[PDB]
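First comes one chain, alone, set out as structure tokens in the form solved without the partner chain.
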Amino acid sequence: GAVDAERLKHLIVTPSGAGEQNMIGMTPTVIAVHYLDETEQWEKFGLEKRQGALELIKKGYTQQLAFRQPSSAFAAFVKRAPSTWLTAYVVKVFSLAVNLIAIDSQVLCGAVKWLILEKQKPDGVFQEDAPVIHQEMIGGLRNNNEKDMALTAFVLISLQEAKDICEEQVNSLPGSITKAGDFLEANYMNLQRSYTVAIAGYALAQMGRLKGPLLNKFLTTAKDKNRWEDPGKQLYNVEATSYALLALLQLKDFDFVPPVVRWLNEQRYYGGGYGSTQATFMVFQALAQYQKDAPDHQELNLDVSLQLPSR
């Protein structure tokens, strides 16, 4: 059940504006090309539309570098104090784009090194000292509760996604990942929000640490075994559930996956819109990973209903 390319044409966006707004534009274009590549839809959608999309991703990238500070961190403006969140988000989008356009390793691994050497506390927590202006671009992190866990998980996920490129350049990186994992592991069982259970769940699963009681908490947090939701904005629950799908695929829990993909398909969420950045990136990252790892997986006999009338 690949999402039809025709439904995603609005995600091909010309990025523009300052260090936050440029990433708001680059997000949908990068994840749309990622997803149309993995689902092999360019032949039907228009092979010729892919080159234009890549040009816009290159424009995004070149524009974002105007906001790269001497430290290798990012902020909205060159004279604004650097954002831990924005820098880690840049690492997340550039890491995923590396097969689409040429990403400078100096830029990627510079931002990673800065996050580890400037913004990680001795207990493994990542701290934000200069929050982004566009609070709507950070999804479910905008919630006040479980900030240390949710941001440590967000940053750890960016480090883990950059590790292949940056491990051989940043010798502090494996130790930073271990310390961040230690904090998440030590505090996971006390989490109350499904959003944090999901994003900290994916972060731990990437390291093989979502196990035993922590794995049971992750799985039993899902409603009807198909979604991770809190009682607020639906965009946050689409995001939460995308992180939960990424965790399930890391766990190789292939039998738990199909009901979660069905629930995501039934939201008919095609990305874009105010405050859409994290949901757009995460839903298409998670569905692309699903398409790669366990496409059309079937966990029971879907020829027939589960009814067994015995008259």
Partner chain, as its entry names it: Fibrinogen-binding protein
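Numbering follows the first chain given and starts at 1.
Beyond what is shown, the protein has a form deposited with the partner chain bound; the following relates to that form.
In the bound PDB entry, the partner chain sits within 4.5 Å of a heavy atom belonging to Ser105. Looking at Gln234, you'd find every heavy atom of it more than 4.5 angstroms from the partner chain in the bound PDB entry.
Although the partner is absent here, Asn143 is not a contact residue: none of its heavy atoms lies within 4.5 angstroms of the partner chain in the bound PDB entry. Put simply, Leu100 is close to the partner chain in the bound PDB entry: some heavy atom of it is within 4.5 Å. Within 4.5 Å of the partner chain in the bound PDB entry, a heavy atom is found for not a single one of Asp4, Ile57 and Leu287.
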